[PDB]
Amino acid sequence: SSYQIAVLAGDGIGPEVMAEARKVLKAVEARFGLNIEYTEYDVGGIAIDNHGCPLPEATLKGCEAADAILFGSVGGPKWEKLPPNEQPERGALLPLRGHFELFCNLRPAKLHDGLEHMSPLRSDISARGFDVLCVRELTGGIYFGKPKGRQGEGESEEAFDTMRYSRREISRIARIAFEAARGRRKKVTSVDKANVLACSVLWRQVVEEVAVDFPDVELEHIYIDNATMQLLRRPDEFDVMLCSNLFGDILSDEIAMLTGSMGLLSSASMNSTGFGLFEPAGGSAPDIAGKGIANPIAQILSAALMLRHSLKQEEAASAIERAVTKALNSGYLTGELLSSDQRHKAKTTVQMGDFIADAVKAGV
């Protein structure tokens, strides 16, 4: 029967890249006989303008009635002057994650063949390639721990945040990491600060407990500060990186930037029932919105991740992935992926979407 998708395109380039993801999805629906219905809701900046808050109740209820959320990007100059805590990115994302218990974040990043030169790494390092899957715990740690707040006044006014983790929270995300590694290159690198943080001592201990179920997977532990360095020297040696909430926030951005190709990167945030929120890794790029320049690949790959993980449609997910590969090796590239002597070869957002949808229809 029918699937129901909540479409939260957001701000900036969100709507124009979402339109291309819908176009590709239509080709998929036809080719594989899937019956999917979409409802669009305001979120982020547009929601503050139209409803007074970044996550309206009608949008939240709409997501509750869906099988998955296909999310664009939120934020922009306009709302930045608001205080960072009432403000559209955090205002949409933290309650969505908390409400639906989206504990698992997957952020795959790889260097694509032929695009190694866009990486900001030295050429001999980027020529080696890399392919790293960051698994980030999304609902625990210091993001949602209590108590959180402030007290006192004047010089002695103090603020406090509490990082908290339970064995139960650690083992459920660790298992995901190990199961992923088993399908990839069978290595998990767990990232912590166990020489300082009590949470990190528990983290390391629990990850080693979970490891006994996965004797085929190699486990190593690395301190977060050292990890930021090692990713610059030997990114080819990591497979799955397992991180707590805040450490994963930090490392996943570092790794994204190391690709030099953020327009290609997608993210999945899921709960244990398979419901998730699927989004491009980059921001809303408000300075390029409405010009047909934006790269829709990240939003298209988000749809592929949604098909795989929430809708259990592996063949449909794979077909999109292959259509993206065909675009990239047939010279269908957007402007930000070309040296600016090549810039006149750039394809527009719509040309990209047309090409990819056509490839799927053609049986790629």
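Only the largest set of C-alpha atoms that superpose within 1.5 Å between the two forms is called the rigid core. So that there is no doubt, residue numbering starts at 1 and follows the sequence shown.
Student: Using the rigid core for superposition, please say which stretch has the greater CA deviation in 7 other deposited structures of this protein, 76 to 84 or 89 to 97.
Tutor: If we average over structures and residues in 7 other deposited structures of this protein, the farther stretch is 76 to 84.
Student: Which of the two stretches, 80 to 88 or 103 to 111, shows the higher mean Cα temperature factor in the record?
Tutor: Taking the mean B-factor of the alpha carbons in each, 80 to 88 is higher.
Student: Report the stretch with the higher mean CA temperature factor, choosing between 288 to 296 and 94 to 102 on the basis of the entry.
Tutor: According to the entry, 288 to 296 carries the higher average C-alpha B-factor.
Student: For the C-alpha B-factor as written in the entry, point me to the maximum among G263, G152, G72, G248.
Tutor: Of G263, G152, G72, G248, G152 has the highest C-alpha B-factor.
Student: Quick one: which of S318, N329, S302, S310 has the biggest Cα B-factor according to the entry?
Tutor: Highest CA B-factor of the listed options: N329.
Student: Quick one: classify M306 as lowest, middle or highest third of the chain based on its Cα B-factor.
Tutor: Lowest third, going by the recorded CA B-factors of the chain.
Student: Sorting the chain's CA B-factors, does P120 end up in the lowest, middle or highest third?
Tutor: It falls in the bottom third of the chain.
Student: Grab the CA temperature factor for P235 from the record and place it in the lowest, middle or highest third of its chain.
Tutor: For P235, whose C-alpha B-factor we compare with every modelled residue in the chain, the answer is the middle third.
Student: Determine, from the deposited record, the chain-internal third of the Cα B-factor for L34: lowest, middle or highest.
Tutor: Ranked within chain, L34 CA B lands in the highest tercile.
Student: When the deposited Cα B-factors of this chain's modelled residues are ordered and cut into thirds, is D341 in the lowest, the middle or the highest one?
Tutor: Answer is highest: the recorded C-alpha B-factor places it there.
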